[PDB]
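Chains A and A', in that order, give the protein sequences. A prime marks a further copy of an entry chain.
Residue numbering for the first sequence follows the entry's author numbering, beginning at 3 and increasing consecutively.
Residue numbering for the second sequence follows the entry's author numbering, beginning at 3 and increasing consecutively.
For each residue, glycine too, the CB sits at the ideal point set by N, CA and C.
Protein chains: 2
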Amino acid sequence: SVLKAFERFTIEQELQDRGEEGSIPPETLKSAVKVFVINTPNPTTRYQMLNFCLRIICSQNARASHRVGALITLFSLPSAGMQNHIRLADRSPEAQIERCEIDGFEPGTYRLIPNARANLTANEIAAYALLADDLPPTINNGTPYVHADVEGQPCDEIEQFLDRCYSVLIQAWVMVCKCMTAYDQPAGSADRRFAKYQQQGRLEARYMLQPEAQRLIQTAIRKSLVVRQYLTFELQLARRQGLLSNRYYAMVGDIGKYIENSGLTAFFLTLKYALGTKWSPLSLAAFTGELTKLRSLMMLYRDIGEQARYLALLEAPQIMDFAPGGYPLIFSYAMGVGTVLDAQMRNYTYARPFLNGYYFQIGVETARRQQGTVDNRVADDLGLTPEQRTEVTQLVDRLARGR
Amino acid sequence: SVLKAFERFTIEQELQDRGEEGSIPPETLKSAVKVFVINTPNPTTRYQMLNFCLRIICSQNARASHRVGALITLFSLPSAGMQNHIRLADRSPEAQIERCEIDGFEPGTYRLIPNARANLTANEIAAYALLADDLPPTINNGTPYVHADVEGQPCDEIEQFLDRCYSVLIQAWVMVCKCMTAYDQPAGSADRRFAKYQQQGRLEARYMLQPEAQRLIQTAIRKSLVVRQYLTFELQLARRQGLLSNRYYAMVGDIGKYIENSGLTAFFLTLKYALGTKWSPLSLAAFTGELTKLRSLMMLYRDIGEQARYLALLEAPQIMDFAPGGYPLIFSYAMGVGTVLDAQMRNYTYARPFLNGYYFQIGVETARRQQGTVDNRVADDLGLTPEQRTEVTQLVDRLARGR
RNA sequence: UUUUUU
RNA sequence: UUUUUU
RNA sequence: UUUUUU
Numbered sequence: 003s004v005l006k007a008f009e010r011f012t013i014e015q016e017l018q019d020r021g022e023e024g025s026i027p028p029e030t031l032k033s034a035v036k037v038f039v040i041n042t043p044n045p046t047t048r049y050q051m052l053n054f055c056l057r058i059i060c061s062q063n064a065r066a067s068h069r070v071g072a073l074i075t076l077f078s079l080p081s082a083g084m085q086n087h088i089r090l091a092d093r094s095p096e097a098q099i100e101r102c103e104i105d106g107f108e109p110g111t112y113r114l115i116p117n118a119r120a121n122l123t124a125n126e127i128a129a130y131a132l133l134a135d136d137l138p139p140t141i142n143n144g145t146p147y148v149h150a151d152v153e154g155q156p157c158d159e160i161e162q163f164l165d166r167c168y169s170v171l172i173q174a175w176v177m178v179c180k181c182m183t184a185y186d187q188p189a190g191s192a193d194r195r196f197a198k199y200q201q202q203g204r205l206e207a208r209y210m211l212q213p214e215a216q217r218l219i220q221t222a223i224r225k226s227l228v229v230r231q232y233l234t235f236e237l238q239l240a241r242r243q244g245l246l247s248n249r250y251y252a253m254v255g256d257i258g259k260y261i262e263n264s265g266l267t268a269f270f271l272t273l274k275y276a277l278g279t280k281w282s283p284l285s286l287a288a289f290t291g292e293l294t295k296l297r298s299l300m301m302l303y304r305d306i307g308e309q310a311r312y313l314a315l316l317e318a319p320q321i322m323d324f325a326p327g328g329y330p331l332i333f334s335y336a337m338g339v340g341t342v343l344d345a346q347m348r349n350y351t352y353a354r355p356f357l358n359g360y361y362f363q364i365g366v367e368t369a370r371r372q373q374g375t376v377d378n379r380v381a382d383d384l385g386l387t388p389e390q391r392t393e394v395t396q397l398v399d400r401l402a403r404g405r
Numbered sequence: 003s004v005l006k007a008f009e010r011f012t013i014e015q016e017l018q019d020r021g022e023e024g025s026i027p028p029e030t031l032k033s034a035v036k037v038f039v040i041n042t043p044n045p046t047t048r049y050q051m052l053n054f055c056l057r058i059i060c061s062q063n064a065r066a067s068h069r070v071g072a073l074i075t076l077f078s079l080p081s082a083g084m085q086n087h088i089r090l091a092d093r094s095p096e097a098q099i100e101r102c103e104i105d106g107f108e109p110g111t112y113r114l115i116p117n118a119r120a121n122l123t124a125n126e127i128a129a130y131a132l133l134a135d136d137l138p139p140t141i142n143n144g145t146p147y148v149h150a151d152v153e154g155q156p157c158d159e160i161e162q163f164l165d166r167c168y169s170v171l172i173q174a175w176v177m178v179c180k181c182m183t184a185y186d187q188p189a190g191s192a193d194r195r196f197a198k199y200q201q202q203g204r205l206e207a208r209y210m211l212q213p214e215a216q217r218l219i220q221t222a223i224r225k226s227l228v229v230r231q232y233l234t235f236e237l238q239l240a241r242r243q244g245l246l247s248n249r250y251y252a253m254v255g256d257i258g259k260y261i262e263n264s265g266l267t268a269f270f271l272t273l274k275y276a277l278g279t280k281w282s283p284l285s286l287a288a289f290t291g292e293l294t295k296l297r298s299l300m301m302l303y304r305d306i307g308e309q310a311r312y313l314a315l316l317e318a319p320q321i322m323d324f325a326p327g328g329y330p331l332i333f334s335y336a337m338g339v340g341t342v343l344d345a346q347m348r349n350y351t352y353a354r355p356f357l358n359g360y361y362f363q364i365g366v367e368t369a370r371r372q373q374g375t376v377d378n379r380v381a382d383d384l385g386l387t388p389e390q391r392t393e394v395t396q397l398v399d400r401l402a403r404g405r
């Protein structure tokens, strides 16, 4: 009937060439961003570079673009040829890299030596050195390193530098998974994930970061889109990798696994919990108007281009389509099943005003009732007899006590 | 029988070459609209330009065309090369852009310097400067900025300008979604949507707009078709974009998602709620005379050219075809189901005089009765037994209390 | 005719 | 809109 | 996250 037309209509509303678009945007005011490169593998140079960039991260009065450049440098230090990695950042718009080359710091504290190919102004060095010591008062020692001793210690061996740099890089990395989300919340979530890598040994607690620097890195990550684009490509490259790999990319991918779906949490939780745990209510003939939306949304996520696993991290209009408000009722039902099945999900926030309490209570009661609705054509694969089905349901009822 | 002829007839009534017409209209009295361009990326110049345009927005005695030009300039400031964007506005009729070029304001408050290529009259500068301070008495501080301090503060760095300009642009943008609709209503709807972006951080509350300026922008958007055409292309371009994008177009698309279907609300709500939630009544053999109309309307919306998602925003005769009055009875039924299922829809207005109360009450009773009409050939995909169907219906009945 | 919602 | 979890 | 066993 006309229902076929309605279904094709609803899908067509969701296929307005939104998924794949490999085109540039109209040009926009860029930001002159000054970035520095270390061609030689000198470990002392890169160590001083890491310390300098971390200083600039906490530079209180620094220009935003200065923080962007310091961040991009930081994320690019581990690379052998930093020229190539610096090049990749420019592949995105909003990138106007004033790529500079410094063979190394002067024997002064943070005084710099520009190289012949890429030079700068004397006022540049003066302002950068001024920016080198602007540190938050809440931070106790001048260094963000909590141990407050290693920053003084040098390293002339590539191995020691690699360990220190990897540790600091993962320090910064772990904060990404909470970028643009629950920033005002103190570090109640990352420490578990951080401590895991710590006792994995692939992290070092002897070189760790103070919480204030952590939150400053959080702020810088949110404020600067350039670093966001860079983190995207870094992670996209990491995923495509095989088993054998270097230390750094291996760690990056390992953390990125659950870094990815930082958003869509409502969507993923809803889809999983509802459309999987289909006991009683999913067939109601009143959820169709949202099931069509859900199917279209799945098609969207498949045909975005596999980058959708980073939609929240890359603030884009697609989230507005991936919105629970589009499908309030199935959302209510899924929240109902989740608040019963998991224990941690109880700690999750579901304060969307459009939520229908009626369907929410429907979900809760279905979860606490249908526990043990065995009978399926799938169930008969095991071959159990109906007497066995009754036995199973009764056994569930025995432990149903303790509510 | 003849019924085939009737159906083809009714569709043919709806296919009079109404959908796609890439042709110009007969020429009409245009409006000399004076617009200004800033080729250099100077941030102070563009900041002063933004302040000036916002002044002219609230210019009480200004010529309508003056407000049109100020608006178009405002919407075009973020672009790198504003020449190109100014060119696009002229692609529509009713566009007679007196495109002017000003390298920057004079050291006076708002005194202007025209450039050699595009000059004007001295009386032009005099009148524009006079128009610069005409401000509504209801506005407290001279500036529309509620904080009333940043307008004095300068900015010589492109980043600061970009942040300020984006914030102001979204300030203006969010009011578009209510253009030509519920204008007399105070800002009871936009604040939720605005505050969302605010705590998204992509907006800044430190630079926000007073409600009077908001309503003046509303008025200007309604009165001037040129800005409407410009907003259309801006949004049409935004939609076709891919994942990676600049800040500004990303925000524009993100808001435009639900900016789009600003009209057809009756149609979309009706089609969704009725033709989806088909429990009892949809098959009645008395809704056919409107179901044919509905199918034809769906074909119209598909074959308009995907721009139909902006039919209300682009006041066009097609709305008169997309009229509930064409299909009063299915409208009654859908309003009936909606007033039961959603809670917010209760706040919606459905005061069309042609509404049949009988079918409305039919819809209401069907919604409150058929809740839980499980049995479908689709329902059997889950494989539940009729005993399970009775269990589900009874369980719904248990929570049916609380009406 | 247009009036919520996300 | 975004808010756990691994 | 990883923690026996053969």
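CA nearest to the CA of residue i, picked from the options
| i | options | result |
| --- | --- | --- |
| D323 of chain A' | A':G365, A':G265 and A':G144 | A':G265 |
| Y360 of chain A' | A':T375, A':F333, A':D377 and A':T42 | A':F333 |
| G328 of chain A' | A':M337, A':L299, A':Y312 and A':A314 | A':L299 |
| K32 of chain A | A':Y49, A':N248 and A':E103 | A':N248 |
| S3 of chain A | A':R230, A':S285 and A':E153 | A':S285 |
| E393 of chain A' | A':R354, A':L315 and A':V376 | A':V376 |
| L401 of chain A | A:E389, A:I219, A:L52 and A:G374 | A:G374 |
| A197 of chain A' | A':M182, A':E214, A':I172 and A':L218 | A':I172 |
| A192 of chain A | A:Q201, A:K180, A:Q202 and A:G203 | A:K180 |
| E317 of chain A' | A':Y335, A':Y350, A':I223 and A':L246 | A':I223 |
| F362 of chain A' | A':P45, A':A207 and A':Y335 | A':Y335 |
| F356 of chain A | A':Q201, A':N349 and A':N263 | A':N349 |
Where residue i falls: helix, strand or coil (DSSP)
| i | result |
| --- | --- |
| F356 of chain A | coil |
| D105 of chain A | strand |
| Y147 of chain A | strand |
| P116 of chain A' | strand |
| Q202 of chain A | coil |
| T395 of chain A' | helix |
| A129 of chain A | helix |
| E100 of chain A' | strand |
| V380 of chain A | coil |
| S81 of chain A' | strand |
| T30 of chain A | strand |
| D193 of chain A | helix |
| residue 424 of chain A | Since the first and last residues shown for chain A are 3 and 405, residue 424 of chain A lies out of range. |
| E14 of chain A | helix |
Distance CB(residue i)-CB(residue j) smaller than 8 Å
| i | j | result |
| --- | --- | --- |
| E100 of chain A | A34 of chain A | yes |
| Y209 of chain A' | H149 of chain A' | yes |
| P330 of chain A' | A268 of chain A' | no |
| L137 of chain A | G144 of chain A | yes |
| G291 of chain A | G278 of chain A' | yes |
| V176 of chain A' | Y275 of chain A' | no |
| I261 of chain A | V366 of chain A | no |
| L56 of chain A | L79 of chain A | no |
| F107 of chain A | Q162 of chain A | no |
| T42 of chain A' | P156 of chain A' | no |
| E159 of chain A' | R65 of chain A | yes |
DSSP bridge partner residues for residue i (one or two, in chain order)
| i | result |
| --- | --- |
| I306 of chain A' | Answer is none; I306 of chain A' lacks a bridge partner. |
| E214 of chain A' | Answer is none; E214 of chain A' lacks a bridge partner. |
| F269 of chain A | Note: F269 of chain A sits in no beta bridge, so no partner. |
| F38 of chain A' | A':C102 |
inquiry  = Under 8 Å: do the segment 182 to 190 of chain A' and the segment 15 to 27 of chain A' share three or more Cβ pairs, one atom per stretch?
reply    = With a cut-off of 8 Å, the segment 15 to 27 of chain A' and the segment 182 to 190 of chain A' do not count as touching, because too few Cβ pairs lie within range.
Is the segment 63 to 77 of chain A' touching the segment 211 to 229 of chain A', taking contact as three or more C-beta pairs under 8 Å?
yes
| field | Segment contact flag, the segment 101 to 108 of chain A' with the segment 226 to 240 of chain A', C-beta cutoff 8 Å, min 3 pairs | value | Contact fails: fewer than three Cβ-Cβ distances are below 8 Å.
**Message:** Taking 8 Å as the cut-off, does the segment 85 to 97 of chain A' touch the segment 110 to 129 of chain A' (at least 3 CB pairs, one atom from each stretch)?
**Reply:** no
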